[PDB]
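Residue-level structure breakdown
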Amino acid sequence: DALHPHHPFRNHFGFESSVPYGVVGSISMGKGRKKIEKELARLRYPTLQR
Amino acid sequence: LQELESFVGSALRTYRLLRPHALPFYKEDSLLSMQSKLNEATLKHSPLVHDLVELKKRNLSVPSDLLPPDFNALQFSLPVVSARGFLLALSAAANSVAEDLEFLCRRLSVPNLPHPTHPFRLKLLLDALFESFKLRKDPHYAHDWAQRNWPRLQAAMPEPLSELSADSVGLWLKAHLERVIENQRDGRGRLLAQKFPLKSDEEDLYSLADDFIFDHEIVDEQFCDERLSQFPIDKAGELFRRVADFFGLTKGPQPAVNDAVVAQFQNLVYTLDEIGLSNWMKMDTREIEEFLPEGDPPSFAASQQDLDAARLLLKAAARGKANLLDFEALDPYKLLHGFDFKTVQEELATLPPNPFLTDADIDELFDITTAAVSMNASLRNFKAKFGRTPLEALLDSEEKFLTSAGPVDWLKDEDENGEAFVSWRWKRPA
Amino acid sequence: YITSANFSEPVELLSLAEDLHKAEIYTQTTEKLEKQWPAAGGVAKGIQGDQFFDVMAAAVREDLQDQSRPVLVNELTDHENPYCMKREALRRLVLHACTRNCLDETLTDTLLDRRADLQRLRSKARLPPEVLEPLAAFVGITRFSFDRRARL
Amino acid sequence: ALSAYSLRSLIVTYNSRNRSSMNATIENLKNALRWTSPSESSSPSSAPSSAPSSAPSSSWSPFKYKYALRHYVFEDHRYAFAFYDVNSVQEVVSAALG
Amino acid sequence: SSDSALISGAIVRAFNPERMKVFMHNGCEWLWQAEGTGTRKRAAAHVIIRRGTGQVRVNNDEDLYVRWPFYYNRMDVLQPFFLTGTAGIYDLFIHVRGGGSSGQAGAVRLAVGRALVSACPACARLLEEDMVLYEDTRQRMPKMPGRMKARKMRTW
Amino acid sequence: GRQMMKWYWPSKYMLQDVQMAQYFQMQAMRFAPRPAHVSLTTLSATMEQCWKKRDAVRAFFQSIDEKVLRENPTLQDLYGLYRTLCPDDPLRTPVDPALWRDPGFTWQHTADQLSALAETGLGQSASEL
Amino acid sequence: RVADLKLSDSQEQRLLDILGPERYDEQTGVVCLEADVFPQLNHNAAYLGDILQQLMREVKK
Amino acid sequence: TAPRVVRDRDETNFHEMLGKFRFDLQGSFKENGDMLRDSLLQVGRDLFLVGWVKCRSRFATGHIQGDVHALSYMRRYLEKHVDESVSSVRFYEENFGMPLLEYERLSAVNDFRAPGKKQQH
Amino acid sequence: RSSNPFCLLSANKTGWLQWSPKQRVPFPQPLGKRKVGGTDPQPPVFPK
Amino acid sequence: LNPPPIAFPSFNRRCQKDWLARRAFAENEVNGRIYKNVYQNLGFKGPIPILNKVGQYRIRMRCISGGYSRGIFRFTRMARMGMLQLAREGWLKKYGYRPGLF
Amino acid sequence: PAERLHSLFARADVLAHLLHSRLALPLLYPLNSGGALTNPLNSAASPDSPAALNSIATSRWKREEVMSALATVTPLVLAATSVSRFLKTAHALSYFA
Amino acid sequence: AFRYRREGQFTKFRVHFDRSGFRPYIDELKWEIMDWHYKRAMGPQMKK
Amino acid sequence: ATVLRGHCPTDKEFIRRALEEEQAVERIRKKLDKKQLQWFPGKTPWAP
RNA sequence: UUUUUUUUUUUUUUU
């Protein structure tokens with residue numbers, strides 16, 4: 001419950017996967033994950049409570 | 001000239017049927033060239049290759065002793081197994097199969113003189129003579145045939161089908177032959193298409209492959225579909241068990257224990273499928289008997305090195321992998337570079353056991369001491385030839401094509417002691 | 001060919017001692033390490049137990065293999081799978097000067113398959129991530145990591 | 001429990017756009033077998049899935065009253081495999097993808 | 001009676017024990033059970049013959065006249081029975097899937113015809129007069145593209 | 001929104017330029033090492049700390065029953081690593097039921113304990129100039 | 001399979017009523033629960049495991 | 001269009017030449033030679049044939065051109081590896097080494113005459 | 001970046017691939033005498 | 001003479017205009033649902049003039065190797081001549097295209 | 001004859017019939033179309049310095065190959081005249097009325 | 001009745017594009033045809 | 001023992017138990033998928 | 001089936 005003051009709840013965070021991501025070769029090699037995409041990468045599933 | 005060339009062309013057709021799951025002749029030949037060139041390129045700068053060259057200039061052949069193992073052989077930069085070793089393994093394995101003749105023919109129905117014990121082959125000659133005891137030319141003479149074969153077949157037969165005399169069998173046989181001939185006058189696809197006329201055979205066999213059909217006016221429709229279109233190989237085991245029980249009722253001369261025979265017999269059928277067993281079902285086995293290369297029996301001295309090498313061939317071949325090139329400890333790339341080369345093929349590669357033949361007793365059943373040295377005449381049909389043997393002519397044509405492939409005539413330069421050399425020469429047009 | 005680094009001879013020298021010779025060293029090293037560093041049992045069962053001495057031993061093997069990975073000169077992809085490194089090494093050498101006709105170029109794929117050496121390493125590769133990861137989420141556990149290096 | 005799970009079955013399916021390409025996969029899969037540690041290697045069953053096809057239509061040269069048509073056939077191939085009692089996951093998953 | 005020993009003694013057990021039930025030599029000489037298959041147009045059939053003087057059921061436990069109300073259709077699926085004389089001896093079971101009204105009737109004639117021959121090889125020569133075993137593998141021709149709305153329907 | 005965007009050809013004025021300056025830099029940095037060892041560094045220089053306080057942690061498990069071992073991620077791992085330095089350590093009669101800890105019979109501990117063809121190759125290696 | 005799962009008479013009826021007859025087969029007697037409301041595989045997999053436990057909480061009443 | 005006088009040898013250029021094939025088949029065939037034409041087309045594609053070929057009930061000839069080494073395989077295939085019966089094999093002319101090629105695609109000349117003129121002829 | 005261990009490009013750690021200096025089997029094989037578009041830098045000329 | 005290089009289409013003002021509307025609709029796609037939700041809740045049917053210039057129906061099929069806005073399919077995305085040239089250049093063989101069948 | 005039929009007649013015959021290794025391979029294995037090309041190494045085959053590393057003797061040493069092929073063609077006829085023929089007997093008799 | 005000869009008829013005229021196992025091919029060719037020209041023009045130039 | 005060459009080593013009873021489960025899931029999925037298949041998703045009768 | 005049913009047929013599939 002104390003893992004995030006902005007979201008007081010019992011279970012909110014999950015675990016990250018080891019699935020490769022990114023483009024093999026293109027003009028966007030140094031992209032990785034977006035600012036908003038990183039949030040869902042460490043959560044069990046997205047919600048609409050915020 | 002015309003007849004000689006015709007035989008060569010016809011012989012190649014028989015060999016093609018023996019390789020159903022293989023590429024054509026124009027595809028495999030190209031692949032071999034790439035493999036030969038790959039070995040030279042990979043072994044061009046090997047440490048061992050360069051070491052030998054330096055030793056010659058320094059006038060020092062062998063410093064201490066032979067470095068390489070006494071089991072490798074490289075010819076034309078390609079891997080090849082020992083030629084002499086293969087013959088010993090094949091002959092020894094096939095010799096045990098003929099051992100059943102003692103308890104089938106030499107004790108029940110003697111076929112006159114089968115052969116001397118083991119002259120050269122003892123493989124096909126036994127079947128040719130043993131199967132020659134059943135002959136029939138004229139239906140009128142069928143009465144006398146029953147009086148010369150019934151007594152011999154009174155032992156290995158069912159009790160109900162053994163109380164009758166010779167005369168009783170003749171009555172039914174006489175009427176049966178007449179019905180078949182009369183009915184033979186969708187039945188044309190298995191009468192003239194499969195039979196190969198010769199004009200010299202005065203008589204023909206009966207009840208062997210295709211003689212027992214057409215007994216009635218009308219035959220089964222679906223029966224033909226299982227001989228020409230495709231033979232059902234899945235039911236091989238089911239049919240074998242349903243026929244073997246007739247001879248062996250578990251209470252007669254045969255043993256009273258037979259259960260594992262059906263399981264093992266199925267494997268033999270699947271193995272023969274790759275060779276082309278399915279093709280022989282559609283086409284009568286007549287072309288292979290006549291159109292086939294032949295030659296004199298082998299003759300060579302079984303050395304100690306070859307005698308021990310043949311043992312490994314019979315070890316791995318018992319599980320199903322009858323090729324030595326696919327196993328390790330044979331690749332020249334790891335032999336000339338000092339990689340992880342070992343002789344653990346008998347424990348690592350041979351991990352899968354074979355709990356059907358034997359566990360650790362192969363030489364016990366297969367006597368390797370037989371044949372070998374004791375192996376050191378012309379056939380009735382092989383004698384009639386124009387000097388050159390049938391196999392010699394076949395290879396002569398093949399060699400002239402592979403060697404002459406292109407703007408080429410790679411010539412004769414040395415013919416003595418078997419060793420020879422080749423070179424290049426220009427070719428003029430016609 | 002004024003310079004000595006562009007002739008036909010030097011190109012072949014570096015195409016054997018760095019492509020095929022180096023590939024064999026990595027292949028034997030990977031197999032040798034597995035013999036001296038075995039696991040409790042099957043690779044799949046070791047991830048479902050989360051037991052000690054399995055996550056630790058597996059992690060050590062990953063670093064040893066990475067440090068023992070030669071850098072190919074002709075090939076710039078820098079493949080990590082030992083099976084792929086040997087398969088592609090022969091293709092580059094065969095296409096340099098091995099063939100003699102148009103047909104031979106199209107049959108290069110069949111040559112590699114016929115070789116028995118490559119067939120042994122076909123059944124030895126890394127488990128795809130999408131094998132056990134979906135199953136872990138089903139039970140709803142947030143205390144397991146698929147990656148061996150990160151788990152340790 | 002996660003440790004109590006076991007791979008009951010693994011249905012492997014293929015989708016090839018050429019006849020020759022599909023034949024190569026069958027030979028490659030067979031070669032990978034008969035090489036595992038256990039006496040008998042995993043022998044999956046065969047299950048063909050027909051051969052779907054598609055061919056659109058278009059009018060045929062421009063400035064014509066639709067007297068002739070030209071079709072473009074686009075065939076396809078499929079194949080399915082069945083597995084049972086997959087004790088070794090590494091010797092099956094790697095072989096199928098390879 | 002030695003001739004019968006070799007013939008009767010071989011049919012039992014051995015190769016094919018199925019052929020063991022017969023009704024004398026002359027008059028029936030028909031097997032107890034037989035099977036046959038017939039294909040005609042976009043449809044299939046599977047007819048099985050069994051001993052019994054019962055009614056005729058096609059599928060879903062229904063009568064025969066329901067599927068083929070027309071008189072000519074019913075006569076085509078029973079022609080072989082009249083010629084062979086099995087009018088009220090053997091049963092009939094027809095199973096079909098797909099086709100049309102008269103399309104399914106033709107498949108029955110081929111399916112039942114191939115069953116009688118199996119049950120009695122001798123009772124097959126008399127059926128050639130009406131051409132029962134003959135089939136029609138040919139199907140409808142495709143609609144050619146272009147201006148013709150139909151196969152050969154011209155336009156102004 | 002994303003379905004209609006998939007149309008026409010992509011842009012052509014955003015391709016990578018073939019610059020010789022960037023080619024040399026890529027080759028120079030291609031042979032770089034991989035001194036990451038993110039996992040190994042954590043484990044290293046840690047076994048010595050446990051050995052120093054070996055006596056302090058010896059009494060931890062004595063006062064804790066097996067039924068109380070609910071947190072395996074922190075307890076199961078600690079017990080396994082502790083046994084590596086001290087293979088023999090009988091604390092009390094009760095022991096693991098071969099489930100939470102499998103010591104086995106042939107384990108690995110910190111305390112540690114070529115052929116004719118290959119040998120012949122080395123003798124002649126550094127014999128030619 | 002509902003047959004393998006041991007439950008009371010009242011509890012068994014409620015299980016098939018909440019899901020309805022569409023997710024129940026009368027031939028073999030098995031119930032299939034499908035959940036797909038997310039694009040990602042990991043996100044969807046976790047969702048199924050949460051709803052499954054909640055169903056049993058209300059069934060036993 | 002340099003001739004072979006420039007430096008062809010047995011090092012690398014031995015398999016870098018073109019030419020024309022030599023074959024003239026004759027004899028009866030099954031049906032109307034449909035089996036022979038179909039078999040020759042499938043094998044010809046693998047070898048990257050450029051020339052053409054003519055097939056008929058009895059007459060069978062043509063002009064096939066391609067690589068010097070590629071055409072060598074076809075000589076043995078069309079002399080002994082024939083499922084049908086062959087009476088004899090004839091020759092007209094051959095030539096090895098020539099810059100570029102004449103044809104571009106493999107095709108078989110077939111009798112496309114209208115059926116109405118068949119009776120009159 | 002797929003997770004296929006048998007892929008040829010999934011394990012690419014650089015943005016450069018080798019180029020074949022010579023090819024004997026052109027990928028864009030024409031079905032006739034037609035040429036490949038964009039393979040004629042020099043403009044044509046007519047007899048005029 | 002020289003068949004076109006099918007990878008790069010020529011200039012066309014009308015072709016570029018069609019793609020312009022696609023970007024405008026994607027950004028305004030969210031606003032389209034809001035306009036329908038407010039009217040549905042209040043229970044009144046009214047027009048939405050703002051959707052005329054940023055509507056989904058404003059965009060239509062067009063030929064990529066072209067610029068005509070007719071005779072384009074969703075499978076090939078090419079005109080009559082676009083498919084003929086692409087198929088005759090040897091590019092669809094890898095994608096399972098056998099012209100032998102009618 | 002109980003201990004010589006269970007695993008002697010239905011098992012040992014398979015070993016003798018397992019000749020696909022020598023039958024599947026081409027008739028001329030050590031000689032191909034490129035047999036007279038530059039395939040031999042000039043630094044290890046021209047001066048004849050080595051004795052076991054290389055051996056250019058596959059052009060006229062067909063005596064060993066001729067004998068090997070002769071032993072592999074006789075057993076093939078026996079299998080077709082003993083196994084295929086035996087199977088046909090059961091198939092034909094399976095539809096005898 | 002020809003069964004194998006008529007295979008795929010159902011999914012040719014009585015099936016939707018979005019309700020079938022057929023996958024699109026234009027997406028892959030979009031990035032494949034363009035890259036061919038890049039290697040041809042810049043290929044010889046880089047080596048020179 | 002009694003193991004053929006090209007056959008699965010698993011028992012026949014296990015395959016029958018698992019095969020029946022696969023046929024049950026396929027029937028349920030097809031029935032549910034057909035129900036939720038209508039033009040203009042989200043439209044319901046006399047909803048407005 | 002004498003406590004059985006209470007009935008027309010399609011353009012991919014029981015591999």
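cryo-EM is the method the PDB entry lists for this structure, together with a resolution of 3.6 Å.

A few words on the overall build of chain M. Within chain M, the regular secondary structure consists of 1 helix and 0 strands. Projected onto its principal axes, the C-alpha positions of chain M cover 70 × 20 × 10 Å. Summed over all atoms, the accessible surface of chain M reaches about 4,600 Å², with 57% contributed by carbon and sulfur.

Right, let's get into the interface of chain K and chain B. Tallying the contact residues gives 84 residues for chain K and 111 residues for chain B. Carbon and sulfur atoms supply 68% of the area that chain K and chain B bury against each other, a total of about 9,800 Å² over both sides. At the surface where chain K touches chain B, the tally comes to 4 salt bridges. Residues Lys88 of chain K and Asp284 of chain B are paired through a salt bridge, measuring 3.7 Å at the closest nitrogen-oxygen approach. Remark: the boundary between chain K and chain B carries 16 residue pairs in polar contact. Of all the secondary structure elements, the ones that give two or more residues to the side of chain K that touches chain B are α1 (12-17), α2 (20-24), α3 (42-45) and α4 (62-93) of chain K. With 28 residues, α4 of chain K is the single largest residue contributor to the side of chain K that touches chain B. Among the residues making up the side of chain K that touches chain B, the classes are represented as 48 nonpolar, 26 polar and 10 charged.

Attention now moves to the protein's contact with RNA strand N. Of all residues adjacent to RNA strand N, which total 18 residues, the nearest are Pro48 of chain D, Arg42, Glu62 and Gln104 of chain E together with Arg14 of chain L. For RNA strand N, the backbone portion of the atoms within 4 Å of the protein, that is sugar and phosphate, comes to 60%. At 3.3 Å, a side-chain N or O of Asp61 of chain E approaches a base oxygen of RNA strand N. In this structure, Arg67 of chain E approaches RNA strand N through a side-chain N or O atom, which is 3.4 Å from a sugar or linking oxygen. When the residues that make up the surface near RNA strand N are grouped by side-chain class, the tally is 4 nonpolar, 7 polar and 7 charged.

The next thing to look at is the arrangement of the chains. There are 35 pairs of chains in contact here; the most contacts are made by chains B and K. Of all C-alpha pairs spanning chain A and chain K, none lies closer than 40 Å, and the two are not in contact. Kept free of each other, chain B and chain L leave a smallest C-alpha distance of 17 Å between them.

All names here are of chain H. As enumerated under the stated definition, the model contains 63 salt bridges over all chains in all. Residue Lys20 pairs with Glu93 through a salt bridge whose shortest N-O separation is 3.6 Å. In this pair, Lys20 is assigned in strand β1 (residues 18-20) and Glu93 in the loop between β6 (88-90) and β7 (95-96), connecting sequence segments 73 residues apart. What makes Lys20 buried here is its relative accessible area of 15%.

So, on to the interface of chain H and chain B. On the side of chain B, 23 residues touch chain H, which itself brings 20 residues to the contact. Counting each side, the surface lost to burial between chain H and chain B is near 2,100 Å², with a carbon and sulfur contribution of 62%. Taken as a group, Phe14, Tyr73 and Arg76 of chain H account for 33% of the area that chain H buries against chain B, more than any other trio of residues on that side. Inspection of the region where chain H meets chain B yields 1 salt bridge. Here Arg76 of chain H and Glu398 of chain B are joined by a salt bridge, their closest N and O atoms 2.8 Å apart. Across the contact surface, chain H and chain B share 7 residue pairs in polar contact. Put simply, the parts of the chain that give the side of chain H that touches chain B at least two residues each are α1 (34-46) and α2 (70-77) of chain H.

Here we come to empty space enclosed by the protein. Taken as a whole, the largest cavity encloses approximately 390 Å³ of empty space. Considering the residues around the largest cavity, the lining is formed by 25 residues, among which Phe86, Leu313, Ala322 and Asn323 of chain B together with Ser21 of chain K are closest to the centre. Take the lining of the largest cavity: its biggest share by element is 4 residues, from helix α4 (residues 83-95) of chain B. Along the lines of polarity and charge, the residues of the lining of the largest cavity split into 20 nonpolar, 3 polar and 2 charged. Considering only enclosed or pocket space, the second largest cavity measures out at about 190 Å³ in volume. Considering the residues around the second largest cavity, the lining is formed by 14 residues, among which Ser91, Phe120, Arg121 and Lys123 of chain B together with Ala71 of chain K are closest to the centre. If you list the elements that add at least two residues to the lining of the second largest cavity, you get α4 of chain B together with α4 of chain K. Here the residues of the lining of the second largest cavity are counted per class, giving 9 nonpolar, 3 polar and 2 charged.

Residues and elements named next belong to chain H. Spatial ordering of the open sheet is given by β6-β2-β4-β3-β8, a layout of 5 strands whose pairing is mixed. Lying at the two open borders of the sheet, with one neighbouring strand each, are β6 and β8 (107-109). Averaged over neighbouring strand pairs, the angle between their axes works out to 25° when direction is ignored.

In this structure, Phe48 of chain H is a non-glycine residue whose phi angle is positive, near 60°. Note that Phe48 of chain H resides in the loop between α1 and β3 (52-55). The phi dihedral of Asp48 of chain K falls on the positive side, at around 60°, and the residue is not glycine. Tracing the backbone through its elements, the reader meets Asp48 of chain K in the loop between α3 and α4. When its relative accessible area of 49% is taken as the criterion, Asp48 of chain K is described as partly exposed.

Of note, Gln48 of chain C is situated in helix α3 (residues 43-49). Discounting chain neighbours no more than four positions away, the residues touching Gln48 of chain C are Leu132 of chain C together with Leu2, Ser3 and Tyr5 of chain D.

All names here are of chain G. It is the contact of helix α1 (residues 9-19) with helix α2 (residues 41-59), at a shortest axis distance of 10 Å, that shows an interaxial angle of 135°. Our classification of the angle between α1 and α2 gives oblique. Judged by the twist between their axes, the crossing of α1 over α2 is right-handed. For the pair formed by α1 and α2, the contact residues are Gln11, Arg14, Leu15, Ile18 and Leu19 on the first element and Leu55, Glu58 and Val59 on the second. When the residues that make up the contact of α1 with α2 are grouped by side-chain class, the tally is 5 nonpolar, 1 polar and 2 charged.

As a further point, take the sheet that holds β1 of chain H. All names here are of chain H. The strand order β5-β1-β7 describes an open sheet built from 3 strands, whose pairing is antiparallel. Sheet topology places β5 (65-67) and β7 at the edges, where each strand pairs with a single neighbour. Of the strand pairs in this sheet, β1 and β5 are connected by 3 bridges, and their pairing is antiparallel. Bridge pairing in β5 links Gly19 to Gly66.

This part is about helix α2 (residues 26-47) of chain L. Residue and element names in this part refer to chain L. Here α2 contains 22 residues, and its C-alpha end-to-end distance of 33 Å stays within 8% of the 32 Å for a straight helix at 1.5 Å per residue. Where α2 bends most, at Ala41, the angle is about 25°, and the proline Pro44 comes one to four residues later. Of all the positions in α2, only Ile26, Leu29, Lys30, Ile33, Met34, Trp36, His37 and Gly43 are classed as buried.

Basis of the calculations
- The numbering shown runs from 1 along each chain in the order of its written sequence and may not match that of the entry; residues for which no coordinates exist are omitted.
- The lettering of chains begins at A and the numbering of ligands begins at 1, in the order of writing.
- A larger assembly contains the chains shown, and all values are computed for the shown part only.
- Computation of side-chain values covers all heavy atoms of the structure but excludes hydrogens and water.
- Residues with missing side-chain atoms are left out of burial classes, side-chain pairs and their counts.
- Note on conventions: DSSP H or I runs of at least 4 residues are helices, E runs of at least 2 residues are strands, and numbering of each starts at the N terminus.
- The protein chains shown are the only cover counted for residues, whose accessible areas, like all others here, come from Shrake-Rupley with a 1.4 Å probe.
- Only heavy atoms enter the contact rule, under which two residues are in contact if any of them lie within 4.5 Å.
- Summed over both partners, buried area is the accessible surface (1.4 Å probe) that two parts give up on being assembled.
- Here a salt bridge means any side-chain nitrogen of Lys or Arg lying within 4 Å of a carboxyl oxygen belonging to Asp or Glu.
- Two N or O atoms count as a polar contact when they lie within 3.5 Å, although within protein this holds only if one can serve as hydrogen donor and the other as acceptor, and sequence-adjacent residues are included solely when both atoms are side-chain atoms.
- Polar here means any residue outside two lists: the nonpolar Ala, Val, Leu, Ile, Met, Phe, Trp, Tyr, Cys and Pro, and the charged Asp, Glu, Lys and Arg; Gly therefore counts as polar.
- Summary of the distance rule: residues count as near a molecule or strand when at least one heavy atom falls within 4 Å of that molecule or strand.
- Remark: exposure states derive from per-residue accessible area (1.4 Å probe, protein chains only) relative to the maximum for the residue type, with buried under 20%, exposed over 50%, and partly exposed in between.
- Any residue with an atom within 4 Å of a point lines the site, the site being either a cavity, points on a 1 Å grid over the protein atoms alone where a 1.4 Å probe fits but cannot get out, or a pocket, an open set with protein on both sides within 12 Å along at least 5 of 7 lines.
- Grid points are joined across faces, edges and corners, and a volume is the space filled by probe spheres set on the points.
- Two strands form a pair only when DSSP identifies at least two bridges running between them.
- Between N-to-C directions, angles span 0 to 180 degrees; the directions come from axes that are lines fitted to C-alpha atoms, helices contributing only their stretch in contact.
- Each angle gets one of four labels, with under 35 degrees taken as roughly parallel, over 145 as roughly antiparallel, 65 to 115 as roughly perpendicular, and the rest as oblique.
- Working rule for handedness: look at the near helix, and if it is turned counterclockwise from the far one by less than a right angle, call the crossing left-handed; if clockwise, right-handed.
- Here, expected helix span is obtained from the residue count minus one, scaled by 1.5 Å.
- Note on bend: the value at a residue is the angle between axes fitted to the seven residues ending there and to the seven starting there.

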